[PDB]
Each structure stands twice: as C-alpha cells, then as structure tokens.
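Virtual Cβ from ideal backbone geometry, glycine too; neighbours counted across all protein chains shown. Laboratory data are not the source of any read-out in this text; all were calculated from the coordinates shown.
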Amino acid sequence: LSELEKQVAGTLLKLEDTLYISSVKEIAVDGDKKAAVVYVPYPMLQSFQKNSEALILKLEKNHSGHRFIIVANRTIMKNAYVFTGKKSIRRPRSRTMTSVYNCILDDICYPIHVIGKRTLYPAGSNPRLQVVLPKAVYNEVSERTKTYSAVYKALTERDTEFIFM
RNA sequence: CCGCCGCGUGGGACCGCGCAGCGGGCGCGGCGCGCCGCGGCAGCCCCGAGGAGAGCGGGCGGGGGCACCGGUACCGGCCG
C-alpha cells in the first residue's frame, strides 16, 4: 500500500538465493537520516530473528536513505476484568501496557541484551529512562543511539537515552 | 444552619474481592437455550521478595535416646 513495500519485497525475493510481513513504518530523526520499522506478526518474530543482523545489513546496503528495524506487532487491552453482565473475563498479563513496552525495547536492539534500566526524576525536567548496554559492543552500535531513542519515543511516548556500562 | 451508621448523583487515588474463552452465522425486536468456521483473536502463566517452605553438597557441635564398658577413690571383709 505504498512504495517502500515493493522495494522491500524485491529485496526479500533476492535474499534467499515462506515468510510475510504485516506492514512498514517510517520514523523521522533529527538528522536527514530516517528510520524504518518492519512489522513482523508475532508468531513469525522468532523465525525472523535467527538472521536479523544479516537481513538488516543486506536491506540497508541494497537500499539506503534510512535504517531498518524489525519489531513485532502486539495488541493492548485496557481492562483487567471485563464485566459481560454474567460471568467474568480476565485480561492476560501479556496484553498489559508495561509488558508490551519492555518487549518493544528488547526487540529494538535484539542482538544486544539490556543489562539494566534506570529512570531519573530531575528536579524540574521530565523524567527520562536510561538503559545500560554491555561495554563490548560500544562503537558497534554507537551510530544508532539517536535513531533508537527517536523510534522508542515514537512507538511509546516515554523518552529515553543510552549509556554503556 | 444544627437530632441521620438508611436514599440518589459524581470521583474512584487508598482500601480489599472477581474460579467458569472471545467474536460472528443459524435466530425472530432484545436476552436465553442450543446448532454451526476456525475462516476472524498475538486466544488463554507479571515476577521470582537481603518473606517462607522443600531439595543437593560440606563440614560443626559437653544436643537427645538405647546397649556396652574402663578408672582410681570412699566404705566393709579377709592373709601377713
């Protein structure tokens, strides 16, 4: 239902030499560079994550202009219990908002596993969350911190920032 | 304005309880009761308390019970 979709489909047809992707989302960044999010339906996320880094690098090299990220699409419900008038209906915890945001944060940087989280409450400024990444990766991912913050802000209004420890 | 543990509206932070799929067609204005696809759902488990309980390994101890057993010494008897 757009133009980037045909290009990504062409790439996907080149890469092999049985998957399917729900949609595509493009996020702007402060610099001229932009970010693209590919929505993989939940059951196929683990299927896509076997060779995520290779897929991302091939997609970036074949078409430039913005970076590519893969995230699953999860729904959110807004009632712990739903009163049908007779019985009771309970919302599973996986559909909560807090769990979904954490899963998104984990998926954004899937290859690297988060070593910690901290949310600061400055005297006047809006509270912001800072995560902690392994010292080994460092510059291997130092060029994607701004885009990561931008996307995390876009999908979830919680602003963030990154450090290494 | 002032003798209310009752009555209605609103908020719902704190306070404590909610085991028994959903959605659509049959199907009638609506709800039941059943019958039909899974063909529409991401179907259906926070976490694992410097709380507790269970488990494996290691040594630790005048901790408990039963049987068994040595040593002088007090006392009594006897030979010289």
task = Would you mention how many residues in segment A:104-143 are of a type in the set (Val, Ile, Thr), farther than 27 Å from A:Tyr39 by Cα and not in a strand (DSSP E or B)?
result = 0
task = Residue by residue through segment A:1-59, note down the ones that are farther than 20 Å from A:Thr147 by Cα and charged (D, E, K, R).
result = A:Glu3, A:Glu5, A:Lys6, A:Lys14, A:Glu16, A:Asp17, A:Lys50
ask   = Within segment A:132-165, how many residues are under 15 Å from A:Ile104 (Cβ atoms), in contact with a strand residue (DSSP E or B) (Cβ under 9 Å, 6 or more places away or on another chain) and among the hydroxyl-bearing types (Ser, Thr, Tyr)?
value = 5
message = Here's a check for you: in segment A:54-85, which residue that is part of a loop (DSSP other than H, G, I, E, B) and within 6 Å of RNA strand B (Cβ to nearest atom) is farthest from A:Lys25 (Cα to Cα)?
response = A:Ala80
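Suppose we keep only residues that are closer than 27 Å to A:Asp159 by Cβ and exposed (fewer than 15 other Cβ atoms within 10 Å of the Cβ) within segment A:92-107. Which one would you say is farthest from RNA strand B (Cβ to nearest atom)?
Just the residues of segment A:92-107 that are closer than 27 Å to A:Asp159 by Cβ, to begin with: A:93-107.
Cutting the leftovers down to exposed (fewer than 15 other Cβ atoms within 10 Å of the Cβ) gives us A:93-95, A:97-99, A:102, A:106.
Details: A:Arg93: 4, A:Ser94: 4, A:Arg95: 5, A:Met97: 10, A:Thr98: 8, A:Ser99: 6, A:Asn102: 9, A:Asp106: 13 Å.
Restricting to residues being closer than 27 Å to A:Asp159 by Cβ and exposed (fewer than 15 other Cβ atoms within 10 Å of the Cβ), the top hit is A:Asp106.
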remark   = Here the qualifying pairs (Cβ atoms under 8 Å; residues six or more apart or on different chains; first in segment A:84-102 and at negative phi; second near RNA strand B (Cβ under 6 Å from one of its atoms) and among the aromatic types (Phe, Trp, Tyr)) come out as A:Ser88/A:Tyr81; A:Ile89/A:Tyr81; A:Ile89/A:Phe83; A:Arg90/A:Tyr81; A:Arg91/A:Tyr81
task = Scan (1) exposed (fewer than 15 other Cβ atoms within 10 Å of the Cβ); (2) touching a helix residue (DSSP H, G or I) at 6+ places or on another chain (Cβ under 7 Å) for the single condition A:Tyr148 breaks and write down its number.
result = (1)
task = Tell me which residues, restricted to segment A:144-165, are among the acidic types (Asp, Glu) and in a strand (DSSP E or B).
result = A:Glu161
inquiry  = Exactly one of these conditions fails for A:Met44: (1) closer than 28 Å to A:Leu13 by Cβ; (2) more than 13 Å from RNA strand B (Cβ to nearest atom). Give me its number.
reply    = (2)
query = Of A:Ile76, A:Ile89, A:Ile56, A:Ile21, which residue is β-branched (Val, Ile, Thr) and within 18 Å of A:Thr156 (Cβ to Cβ)?
reply = A:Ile76
message = Restricting to segment A:8-45, name every residue that is in a helix (DSSP H, G or I), of a type in the set (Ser, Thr, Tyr) and exposed (fewer than 15 other Cβ atoms within 10 Å of the Cβ).
response = A:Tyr42
